[PDB]
Amino acid sequence: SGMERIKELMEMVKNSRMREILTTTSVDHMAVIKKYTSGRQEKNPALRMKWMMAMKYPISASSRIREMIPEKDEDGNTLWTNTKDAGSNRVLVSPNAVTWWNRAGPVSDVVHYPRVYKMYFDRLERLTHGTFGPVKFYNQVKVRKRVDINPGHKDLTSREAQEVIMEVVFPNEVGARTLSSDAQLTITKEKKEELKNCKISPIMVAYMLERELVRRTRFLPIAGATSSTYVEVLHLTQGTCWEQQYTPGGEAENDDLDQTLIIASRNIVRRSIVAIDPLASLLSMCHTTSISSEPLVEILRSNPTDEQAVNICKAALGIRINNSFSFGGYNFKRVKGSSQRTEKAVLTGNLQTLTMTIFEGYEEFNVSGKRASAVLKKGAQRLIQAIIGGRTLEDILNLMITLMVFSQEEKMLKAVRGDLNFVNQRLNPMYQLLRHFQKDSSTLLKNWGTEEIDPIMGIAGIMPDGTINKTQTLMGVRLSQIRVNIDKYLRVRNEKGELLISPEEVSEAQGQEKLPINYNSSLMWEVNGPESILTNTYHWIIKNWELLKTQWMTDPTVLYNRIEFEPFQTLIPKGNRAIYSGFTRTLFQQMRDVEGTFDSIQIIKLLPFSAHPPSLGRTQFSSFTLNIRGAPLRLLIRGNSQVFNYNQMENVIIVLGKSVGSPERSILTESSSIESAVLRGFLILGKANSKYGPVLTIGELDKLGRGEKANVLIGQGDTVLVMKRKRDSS
Amino acid sequence: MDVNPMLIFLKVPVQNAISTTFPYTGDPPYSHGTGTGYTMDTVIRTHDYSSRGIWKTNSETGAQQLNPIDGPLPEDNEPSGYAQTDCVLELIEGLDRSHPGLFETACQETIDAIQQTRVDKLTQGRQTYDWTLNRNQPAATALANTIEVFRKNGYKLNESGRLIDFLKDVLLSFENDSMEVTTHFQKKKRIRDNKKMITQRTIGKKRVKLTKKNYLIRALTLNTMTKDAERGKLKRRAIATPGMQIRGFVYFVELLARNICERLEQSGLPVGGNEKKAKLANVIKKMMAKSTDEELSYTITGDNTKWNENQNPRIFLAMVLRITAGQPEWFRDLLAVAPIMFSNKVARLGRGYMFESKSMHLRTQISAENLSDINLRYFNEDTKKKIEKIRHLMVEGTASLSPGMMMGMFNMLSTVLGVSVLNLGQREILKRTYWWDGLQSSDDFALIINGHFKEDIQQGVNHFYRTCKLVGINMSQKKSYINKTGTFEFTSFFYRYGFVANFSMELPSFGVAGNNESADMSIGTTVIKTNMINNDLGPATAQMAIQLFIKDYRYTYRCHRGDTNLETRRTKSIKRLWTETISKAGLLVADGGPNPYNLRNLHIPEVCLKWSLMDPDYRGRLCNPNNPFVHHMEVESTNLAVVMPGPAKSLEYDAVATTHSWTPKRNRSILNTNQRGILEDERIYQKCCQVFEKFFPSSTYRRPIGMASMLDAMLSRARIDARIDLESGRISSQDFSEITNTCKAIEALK
Amino acid sequence: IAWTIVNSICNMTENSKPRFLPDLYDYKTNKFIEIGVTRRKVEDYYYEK
RNA sequence: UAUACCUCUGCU
RNA sequence: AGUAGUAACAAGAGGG
Ligand SMILES: [Zn+2]
């Protein structure tokens, strides 16, 4: 009706106080006077509530409570009083009033409240339909990372979400702005229809939508799956020493599934290379591995991800590599190289910044479409060469224009004149440049540039004007009229026998999985990732130390070639593995040959680096490098470091912050002034004695003759006396 | 056997059993009485650290202002505030070099804020000193009072609504030499009652004009009080509260420093605990990667002593001007305001003192203003001596305090000074045998020094230490210490080859928050949940923390389970609810229902968790949108509570609005005082805002914008809504005339 | 307030919403009006807007 | 001056 | 007395 609101305003304007405030204070100033109050923000709410809950009438409530509930209930408890709450027309009330309402108060329809509070009820829906696995116990390494805390967010900005909220609950008071995106329009239709005829405060609906729609993040320590629905249940899935396996209800998004499939395949390929029979090991892991509880093989059968490690897994199982795609009505089919993705913004000729998913690396395509085909050679923003043929000159030229745009050269970007706008399904930004240049390509060809070529029979050039020239042509363009196989060592080749995919050329960038990976494999350790490989490997040596120490003494070649050291080898750089093994084994035999000198910790520390065919090189090392989550870490040869830290106080070997086990208490009282197993063909003796000359670096050790003593900067600010031993080790 | 808990440290490392050294289950220290003793201490101590500087009487206030900067370089390790302008600018330039375009973007982001920011933004904030009343008031109340007195005088640029205009009015208001203010006072009337005449206390208001000094002193005044509930300290200390004039300028200066600190890896501010730890982990990773195997590494666990007392407003003016170099001069001079007012700041001396006569058995209160004109026979020896020193700085009941700072005044720009010292330690700047990096938030810092030998570290410490002394930063020699990189401490985070837990830090947050039944249940379960994630609260202890929370919640709110044999004021009405309810499991805990929570549940709100198990009528009553218990606040303040760990940030919680989302009664002590009338002002303001929302529902979500009147806006809406209701809808022709005649009638009454 | 008057009309009668502020609106024909009279004759300001 | 009462307040 | 601890509480204000 709107009758009683204007009637009350007249009654308020009749009051000479209220008419002054209503006239004097502006709309902008009303926000200030709304928050005008005597009331402090409570310093100690926990104390005050305990103080106040002893009182008869601690709760304030609207005066209309006196008309709704009785003054006294059935047991004679006073429910409300007439005392006004300081600074308002609200009255002081007993907690018995709240109880009386909940048992005998007016009932209302609230059945569609789960649509208003959808963000909350979705959490219960995921938990109710969740599936628990077993609890494994191990040292859980947690990377502090920014992650989403709001699953099922329809991703918009704060201002975009404000417009949507306004449209749903305050449709009449929408400002000058309107619904821009098709996301905004479709969300508004759904919200309007879901929330229709739902008796609840619009303030609360506006609030719940603001929380639901807008993306929010937090820095949290996460082990394993980082996606929203797994971040939701970190308290439940991880502790200090345990992993409660759990799949939330609902289906995983393809984005999360493609990202984690790539990580799973990469880890599988990196593991297989350092084994004796890679293809059998890769196949063994493929059939045992699952992602989000779904087995890895059926994912590889249905998922079209194009990535070198995934394709090696697809090739080993005999599954078609997603080798092809379409663009401008031509089927591109890659015959050599690989696609590496990098989204970046670049300026056009019209100074328009646009985010392009630009491709990098050397690639080769056999392209073919309607009435014309080509053989493209491409680099990062480069058309290396395109040999094109077809039934008509226009068909060739139409394909040529498509390739020139597909190359992503700086030539063609700078040759764009005007703004790029096409359709109301809007296409991706590659088609914006294509459709621009398909209509008019006058500036493209002028700015592309010409090159001179040698007159070859069968080949001819295409000029900017459209003429066929024999000895001149546009940069890169020439005009002229698939099974796979995988060997024991995971090299993918074609029918001709040329290299398509290499395990060595798989990307070494790890990154943390979005969905949980479980390799149910004896080739892998219990937990995923590289910190786990370090900790489990060093834990295993300590646990089986008595067996491996005597195996070190008697038959070391069987110790070094233990299969439990293979995961450790993935963390070592490919090139370094041999020389590291050469260095380690030389250092170990020095400990055997130089009797008296025996360090259990030094053996345990360096033992995993043995597991590779050793090199005969004579380089010195103050550390071995280890690749852990992208960054290189340096395990030092002499003493403790971040990667390996023997703590005498605890009697514990700490590997990257986590205790890996106590070694024997014997090893506390186990030392000798002379330290073998530090430098190849040398022996550390004791403190730096200046009688034997000035300090030499480790690279300068070749100067010293057989049996000559000298002072050396060995590492960690220590200067130490060293002698060159006469007879060298095996 | 004598039991000794600390002998656990023989086997367990200190960091791994660090909870046993945090006694946070007991009540923390509280100040009783006044903080005048502490405010005088701070003022006296601050001037002693700057004592070799230059004194000058101020042209406007007449206050005796000590300038220590560019003063004699210190000759001992005692706390000094002899910062050197040239050395500060070198460090701030060194920051600009290392982060090109940072100062550009930070300024440009601050300029965009200055243009968009409304006067409304100063309503959001903690207690502020009201010059109008010479006391602390809420932020919005002190703003409205300052706008009202500005409007009564010739200052209405803020009428527009943009904040920069209010800031002009503040600078223009110093020119007035007769600023009018309405002080309130009590009167004792007599009125007849049927047949005896009783005395009646009433409150009138008296217009008083102020001197040009009087207003100026009050605008530069910052209030003081003792800081309560502070852990880890034997003695109390004074905290400070900014006034309404300086507040708005401080907002924009801190907003610049925030944008600077947001893009500095070496800043701990303004990021949270986990991100702070990640930042410390990155610099250790960065220091180890950049170094060689020959080099050493030591970490200083660092505290700066007398941090605020030795940071200088004149130095902040040097920073603000250097950070804003090349920007519009209006923007540079706007941000320069806050440092200027801080350089000419004066400190209120608090409540004063209480005296006591044992023989006569009487007590009395003297104000801090009386400390000038009063005999010193009353006071003890230490207190006397402080009053004698404070008289030399006393100006119209407030001690002058040109140098230094005080807690609660100013936030993030002081960290940028510290970060610039950390940034100096790059290898390419120092070009010698040592080099450093680290993290810093306020006085607390973690410095990592690398070098080739142990003596290189000693030279690097001294180089860092003395460079800090050159800009008035004093590293504590007694509280700081050094060791090889591997362990350190930082804002009570403990690193031992990786961060370990400090659960006992968080023990005060385990309990009933005391907001209301709805909010506390959500807050309690989330506290348990977040501590499982962030502070290694194990699963068994977490279960027991749920069990103990329900106990505390049941006793506090008197809402024990409906089948209990207890007797309280609430047991009977909850018993009636219990018996009538079919599905008992649906009842909330506040309605005598069972605890649904275990580990897996903690993130689901209680109403949401019990919804499917509720009786329809109970659920219909519980969540009834037309119930008198809820206070329908704005969207910005929906499901928010206040918590202290930092200063005091808001805590958002997940909860369904029910009859349990109630608000406890207001404090009523104002009824006895001369400010009794503020309650009626508030009552009238709320009724006006309540009626406006019936014409503008959107105002509760997004704050409306207009220079037009509230009445004229409501009138405009009354006509056009009534138009649409008749032109296409459900309303009669006679009703349209009845509404428009009322709008004509309302327009007739001005 | 000006846009609230514009949007209240468009909600009940499903019509288009303009970008910039109109000056008048006829209720018979259901058409918005934008005034822009000046010292120029007709064509210089008609075809520009 | 005392002794009874009565009113307001319990973070202001 | 007792709490307490760098200063307070051990009721304050009013019916004058
Ligand atoms: Zn109980």
# chains A, B, ... in the order shown; residues from 1 in each chain; ligands from 1
$ residues_near_ligand --ligand "ligand 1" --cutoff "9 Å" --atoms "only C-alpha atoms (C1' of nucleotides) and all ligand atoms" --output "PDB file with N, CA and C atoms, in the first residue's frame"
ATOM      1  N   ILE B 550      31.078 -26.591  25.122  1.00  0.00           N
ATOM      2  CA  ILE B 550      29.645 -26.827  25.306  1.00  0.00           C
ATOM      3  C   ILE B 550      29.279 -26.651  26.780  1.00  0.00           C
ATOM      4  N   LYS B 551      30.118 -27.186  27.671  1.00  0.00           N
ATOM      5  CA  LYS B 551      29.992 -26.970  29.121  1.00  0.00           C
ATOM      6  C   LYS B 551      29.965 -25.479  29.481  1.00  0.00           C
ATOM      7  N   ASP B 552      30.929 -24.723  28.960  1.00  0.00           N
ATOM      8  CA  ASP B 552      31.061 -23.289  29.264  1.00  0.00           C
ATOM      9  C   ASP B 552      29.865 -22.516  28.691  1.00  0.00           C
ATOM     10  N   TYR B 553      29.495 -22.857  27.460  1.00  0.00           N
ATOM     11  CA  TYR B 553      28.341 -22.280  26.759  1.00  0.00           C
ATOM     12  C   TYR B 553      27.010 -22.597  27.455  1.00  0.00           C
ATOM     13  N   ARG B 554      26.856 -23.836  27.926  1.00  0.00           N
ATOM     14  CA  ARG B 554      25.640 -24.250  28.648  1.00  0.00           C
ATOM     15  C   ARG B 554      25.463 -23.535  29.990  1.00  0.00           C
ATOM     16  N   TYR B 555      26.549 -23.400  30.752  1.00  0.00           N
ATOM     17  CA  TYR B 555      26.519 -22.656  32.026  1.00  0.00           C
ATOM     18  C   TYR B 555      26.351 -21.148  31.831  1.00  0.00           C
ATOM     19  N   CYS B 559      21.600 -22.580  29.424  1.00  0.00           N
ATOM     20  CA  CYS B 559      20.840 -23.336  28.423  1.00  0.00           C
ATOM     21  C   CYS B 559      21.258 -24.804  28.418  1.00  0.00           C
ATOM     22  N   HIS B 560      21.170 -25.426  29.589  1.00  0.00           N
ATOM     23  CA  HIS B 560      21.529 -26.835  29.759  1.00  0.00           C
ATOM     24  C   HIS B 560      20.528 -27.717  29.034  1.00  0.00           C
ATOM     25  N   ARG B 561      20.898 -28.975  28.826  1.00  0.00           N
ATOM     26  CA  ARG B 561      20.083 -29.886  28.027  1.00  0.00           C
ATOM     27  C   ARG B 561      18.737 -30.146  28.704  1.00  0.00           C
ATOM     28  N   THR B 564      17.998 -32.532  31.804  1.00  0.00           N
ATOM     29  CA  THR B 564      18.874 -32.392  32.969  1.00  0.00           C
ATOM     30  C   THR B 564      18.060 -32.156  34.222  1.00  0.00           C
ATOM     31  N   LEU B 566      19.257 -30.145  36.624  1.00  0.00           N
ATOM     32  CA  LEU B 566      19.649 -28.809  37.108  1.00  0.00           C
ATOM     33  C   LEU B 566      18.443 -27.897  37.276  1.00  0.00           C
TER      34      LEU B 566
END
$ residues_around --residues "residue 12 (chain E)" --least-positions-apart "4" --cutoff "12 Å" --atoms "only C-alpha atoms (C1' of nucleotides)" --output "ChimeraX atom specification"
/B:669,672 /D:8-10
$ residues_around --residues "residue 295 (chain A)" --least-positions-apart "6" --cutoff "12 Å" --atoms "only C-alpha atoms (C1' of nucleotides)" --output "PyMOL selection string"
chain A and resi 261+264+285-289+301-302+516-520
$ select_by_dssp --residues "chain C" --states "helix (DSSP H, G or I)" --output "CSV table (one decimal) with C-alpha atoms, in the first residue's frame"
chain,number,residue,atom,x,y,z
C,2,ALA,CA,16.8,10.5,-10.7
C,3,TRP,CA,17.7,6.9,-11.6
C,4,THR,CA,15.2,5.5,-9.1
C,5,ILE,CA,12.5,7.4,-11.0
C,6,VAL,CA,13.8,5.9,-14.3
C,7,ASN,CA,14.1,2.3,-13.0
C,8,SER,CA,10.7,2.3,-11.2
C,9,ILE,CA,9.0,2.9,-14.6
C,10,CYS,CA,11.0,0.3,-16.5
C,11,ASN,CA,10.3,-2.5,-13.9
C,12,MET,CA,6.5,-2.6,-14.4
C,43,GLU,CA,20.8,19.8,-37.6
C,44,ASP,CA,24.2,20.5,-35.8
C,45,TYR,CA,22.8,19.4,-32.4
C,46,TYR,CA,20.1,16.8,-33.6
$ residues_around --residues "residue 6 (chain D)" --least-positions-apart "2" --cutoff "12 Å" --atoms "only C-alpha atoms (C1' of nucleotides)" --output "list in words"
residues 4 and 8 of chain D; 14 and 15 of chain E
$ atom_distance --atom1 "CA of residue 368 (chain B)" --atom2 "CA of residue 307 (chain B)"
26.3 Å
$ atom_distance --atom1 "CA of residue 492 (chain A)" --atom2 "CA of residue 319 (chain A)"
12.6 Å
$ residues_around --residues "residue 556 (chain B)" --least-positions-apart "4" --cutoff "9 Å" --atoms "only C-alpha atoms (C1' of nucleotides)" --output "VMD selection string"
(chain A and resid 49 to 50 53 to 54) or (chain B and resid 512 514 551 to 552)
$ write_last_selection --atoms "C-alpha atoms" --output "mmCIF file, in the first residue's frame"
data_model
loop_
_atom_site.group_PDB
_atom_site.id
_atom_site.type_symbol
_atom_site.label_atom_id
_atom_site.label_comp_id
_atom_site.auth_asym_id
_atom_site.auth_seq_id
_atom_site.Cartn_x
_atom_site.Cartn_y
_atom_site.Cartn_z
ATOM 1 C CA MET A 49 28.184 -11.611 29.181
ATOM 2 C CA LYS A 50 29.000 -13.652 32.302
ATOM 3 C CA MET A 53 23.631 -13.510 32.204
ATOM 4 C CA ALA A 54 23.322 -13.531 36.031
ATOM 5 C CA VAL B 512 32.501 -18.205 25.355
ATOM 6 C CA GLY B 514 30.083 -13.293 24.923
ATOM 7 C CA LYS B 551 29.992 -26.970 29.121
ATOM 8 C CA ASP B 552 31.061 -23.289 29.264
#
$ atom_distance --atom1 "CA of residue 573 (chain A)" --atom2 "CA of residue 489 (chain A)"
18.2 Å
$ select_by_dssp --residues "region 415-592 of chain A" --states "strand (DSSP E)" --output "PyMOL selection string"
chain A and resi 450-452+459-462+468-469+472-474+477-480+484-486+492-494+499-501+517-519
$ residues_around --residues "region 697-709 of chain A" --least-positions-apart "2" --cutoff "6 Å" --atoms "only C-alpha atoms (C1' of nucleotides)" --output "compact mmCIF listing (two decimals) with N, CA, C and O atoms, in the first residue's frame"
# COMPACT_ATOMS: atom_id res chain seq x y z
N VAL A 712 92.67 -24.91 4.34
CA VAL A 712 91.60 -24.84 3.33
C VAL A 712 90.31 -24.25 3.90
O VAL A 712 89.91 -24.59 5.01
N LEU A 713 89.67 -23.38 3.12
CA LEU A 713 88.31 -22.91 3.41
C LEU A 713 87.32 -24.00 2.99
O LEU A 713 86.83 -24.02 1.85
N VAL A 722 94.43 -29.73 5.94
CA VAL A 722 94.18 -30.89 5.06
C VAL A 722 95.50 -31.40 4.49
O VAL A 722 96.39 -30.60 4.18
N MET A 723 95.63 -32.72 4.37
CA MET A 723 96.78 -33.37 3.72
C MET A 723 96.30 -34.17 2.51
O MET A 723 95.23 -34.78 2.55
N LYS A 724 97.10 -34.16 1.44
CA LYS A 724 96.86 -35.01 0.28
C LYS A 724 97.43 -36.40 0.55
O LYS A 724 98.64 -36.56 0.72
N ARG A 725 96.55 -37.40 0.61
CA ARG A 725 96.96 -38.81 0.76
C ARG A 725 97.70 -39.31 -0.49
O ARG A 725 97.41 -38.86 -1.60
N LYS A 726 98.63 -40.24 -0.28
CA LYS A 726 99.53 -40.70 -1.35
C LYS A 726 98.84 -41.63 -2.35
O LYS A 726 98.72 -41.30 -3.54
$ residues_around --residues "residue 16 (chain E)" --least-positions-apart "4" --cutoff "12 Å" --atoms "only C-alpha atoms (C1' of nucleotides)" --output "list in words"
residues 188, 198, 199 and 200 of chain B
$ closest_atom_pairs --of "chain B" --to "chain C" --cutoff "9 Å" --atoms "only C-alpha atoms" --output "CSV"
residue,atom,partner,partner_atom,distance
B:706,CA,C:1,CA,8.5
B:713,CA,C:1,CA,7.0
B:716,CA,C:1,CA,7.6
B:717,CA,C:1,CA,7.7
B:720,CA,C:5,CA,6.5
B:721,CA,C:8,CA,7.4
B:724,CA,C:9,CA,6.8
B:727,CA,C:27,CA,8.8
B:728,CA,C:12,CA,6.8
B:729,CA,C:12,CA,8.3
$ write_last_selection --atoms "N, CA and C atoms" --output "short mmCIF file (atom, residue, chain, number, x, y, z; two decimals), in the first residue's frame"
data_model
loop_
_atom_site.label_atom_id
_atom_site.label_comp_id
_atom_site.auth_asym_id
_atom_site.auth_seq_id
_atom_site.Cartn_x
_atom_site.Cartn_y
_atom_site.Cartn_z
N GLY B 706 23.83 11.67 -1.66
CA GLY B 706 23.18 12.89 -2.12
C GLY B 706 23.41 14.07 -1.19
N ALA B 713 14.20 13.63 -0.23
CA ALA B 713 14.42 12.34 -0.88
C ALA B 713 13.25 11.38 -0.63
N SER B 716 10.19 12.70 -2.57
CA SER B 716 10.34 12.34 -3.99
C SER B 716 9.99 10.88 -4.27
N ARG B 717 10.41 9.99 -3.36
CA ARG B 717 10.13 8.56 -3.49
C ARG B 717 8.66 8.24 -3.22
N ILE B 720 6.66 9.15 -6.59
CA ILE B 720 6.94 8.27 -7.74
C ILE B 720 6.55 6.80 -7.52
N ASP B 721 6.70 6.29 -6.30
CA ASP B 721 6.26 4.92 -5.98
C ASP B 721 4.74 4.81 -6.02
N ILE B 724 3.57 4.71 -9.74
CA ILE B 724 3.70 3.37 -10.36
C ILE B 724 2.67 2.37 -9.79
N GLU B 727 -0.57 3.72 -11.75
CA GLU B 727 -0.38 3.66 -13.21
C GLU B 727 -0.30 2.23 -13.77
N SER B 728 0.25 1.31 -12.98
CA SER B 728 0.23 -0.12 -13.32
C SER B 728 0.42 -0.98 -12.07
N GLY B 729 -0.68 -1.25 -11.37
CA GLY B 729 -0.63 -2.09 -10.16
C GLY B 729 -1.88 -2.10 -9.30
#
$ closest_atom_pairs --of "chain E" --to "chain B" --cutoff "8 Å" --atoms "only C-alpha atoms (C1' of nucleotides)" --output "tab-separated table"
residue	atom	partner	partner_atom	distance
E:6	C1'	B:235	CA	8.0
E:7	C1'	B:33	CA	5.3
E:8	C1'	B:33	CA	4.6
E:13	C1'	B:672	CA	7.2
E:15	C1'	B:199	CA	7.0
$ write_last_selection --atoms "C-alpha atoms (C1' of nucleotides)" --output "PDB file, in the first residue's frame"
ATOM      1  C1'   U E   6      54.126   1.895  41.029  1.00  0.00           C
ATOM      2  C1'   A E   7      47.346   2.981  42.408  1.00  0.00           C
ATOM      3  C1'   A E   8      43.397   1.984  43.298  1.00  0.00           C
ATOM      4  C1'   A E  13      26.063  10.073  42.719  1.00  0.00           C
ATOM      5  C1'   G E  15      16.827  13.139  47.577  1.00  0.00           C
TER       6        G E  15
END
$ closest_atom_pairs --of "chain A" --to "chain C" --cutoff "9 Å" --atoms "only C-alpha atoms" --output "CSV"
residue,atom,partner,partner_atom,distance
A:171,CA,C:11,CA,8.0
A:172,CA,C:8,CA,5.4
A:173,CA,C:4,CA,5.2
A:174,CA,C:4,CA,7.0
A:175,CA,C:3,CA,5.9
A:176,CA,C:3,CA,6.4
A:177,CA,C:19,CA,7.9
A:178,CA,C:17,CA,8.8
$ write_last_selection --atoms "N, CA, C and O atoms" --output "tab-separated table (two decimals), in the first residue's frame"
chain	number	residue	atom	x	y	z
A	171	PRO	N	15.72	-4.17	-6.72
A	171	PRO	CA	15.65	-3.94	-8.17
A	171	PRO	C	15.30	-2.51	-8.58
A	171	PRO	O	15.78	-2.03	-9.61
A	172	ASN	N	14.50	-1.83	-7.76
A	172	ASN	CA	14.03	-0.48	-8.05
A	172	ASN	C	15.11	0.59	-7.85
A	172	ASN	O	15.03	1.66	-8.46
A	173	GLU	N	16.11	0.30	-7.01
A	173	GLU	CA	17.16	1.27	-6.66
A	173	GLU	C	18.54	0.98	-7.29
A	173	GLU	O	19.58	1.32	-6.72
A	174	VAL	N	18.54	0.36	-8.48
A	174	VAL	CA	19.78	0.16	-9.23
A	174	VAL	C	20.17	1.51	-9.84
A	174	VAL	O	19.31	2.25	-10.33
A	175	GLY	N	21.46	1.82	-9.81
A	175	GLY	CA	21.96	3.13	-10.24
A	175	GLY	C	22.03	3.31	-11.75
A	175	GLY	O	21.23	2.73	-12.49
A	176	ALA	N	22.98	4.13	-12.19
A	176	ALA	CA	23.21	4.36	-13.62
A	176	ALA	C	23.75	3.12	-14.34
A	176	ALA	O	23.45	2.90	-15.51
A	177	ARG	N	24.54	2.31	-13.62
A	177	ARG	CA	25.16	1.11	-14.19
A	177	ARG	C	24.14	-0.02	-14.43
A	177	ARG	O	23.04	-0.01	-13.87
A	178	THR	N	24.53	-0.96	-15.28
A	178	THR	CA	23.69	-2.10	-15.68
A	178	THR	C	24.51	-3.40	-15.70
A	178	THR	O	25.73	-3.38	-15.51
$ decode --residues "chain D" --atoms "C-alpha atoms (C1' of nucleotides)" --output "PDB file, in the first residue's frame"
ATOM      1  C1'   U D   1      25.491  16.236  63.161  1.00  0.00           C
ATOM      2  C1'   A D   2      23.593  11.260  63.748  1.00  0.00           C
ATOM      3  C1'   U D   3      20.193   7.329  62.666  1.00  0.00           C
ATOM      4  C1'   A D   4      16.519   5.172  59.515  1.00  0.00           C
ATOM      5  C1'   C D   5      14.576   5.165  54.713  1.00  0.00           C
ATOM      6  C1'   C D   6      13.869   6.156  49.255  1.00  0.00           C
ATOM      7  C1'   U D   7      15.853   6.961  43.758  1.00  0.00           C
ATOM      8  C1'   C D   8      19.681   6.234  39.757  1.00  0.00           C
ATOM      9  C1'   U D   9      24.166   3.445  38.425  1.00  0.00           C
ATOM     10  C1'   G D  10      27.746  -1.813  38.077  1.00  0.00           C
ATOM     11  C1'   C D  11      32.768  -0.904  31.092  1.00  0.00           C
ATOM     12  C1'   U D  12      30.685   5.463  30.050  1.00  0.00           C
TER      13        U D  12
END
